[PDB]
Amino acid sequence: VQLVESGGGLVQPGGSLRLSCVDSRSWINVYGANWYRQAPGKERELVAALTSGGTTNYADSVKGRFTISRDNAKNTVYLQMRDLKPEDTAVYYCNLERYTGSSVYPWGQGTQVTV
């Protein structure tokens, strides 16, 4: 398997979503994970990064609304979404980056959020 992105959907401004990045294997729990998004007509955009240790960093456009976390037993890295706006409408992908910075998997189908 590869990363499986789910949880996306259609909402109206101000709403809230929670997307899932699931790894059948355990690389998600030993390496870093990032959530990207390729917004309609716009290029793929990194949304949140989570280091192997759990250090979080976000982009300016999403601070105060998005929270990235990890559930080891579920091999899941989540994207808690709040105060969603149509500027957040996109298909969301996740990827894994090793401590050396190399990516582990190619992209999954992603999950669409439409606000």
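When you see a residue number, it is the position in the sequence shown, counting from 1.
Between 26-34 and 39-47, which has the larger average Cα B-factor in the PDB entry?
For C-alpha atoms only, the mean B-factor is higher in 39-47.
Would you determine, from the values in the PDB entry, which of 103-111 and 8-16 has the greater average C-alpha temperature factor?
On average, C-alpha B-factors are higher across 8-16.
Would you mind checking where the Cα B-factor of residue 74 ranks among the modelled residues of its chain, as the lowest, middle or highest third?
It belongs to the middle third of the chain when residues are ordered by C-alpha B-factor.
Please say which third, lowest, middle or highest, residue 86 falls into when its CA temperature factor is compared across its chain.
Highest third - that is where residue 86 ends up once the chain's C-alpha B-factors are sorted.
Relative to the other modelled residues of the same chain, rank the CA B-factor of residue 54 and answer lowest, middle or highest third.
CA B-factor rank for residue 54: lowest third.
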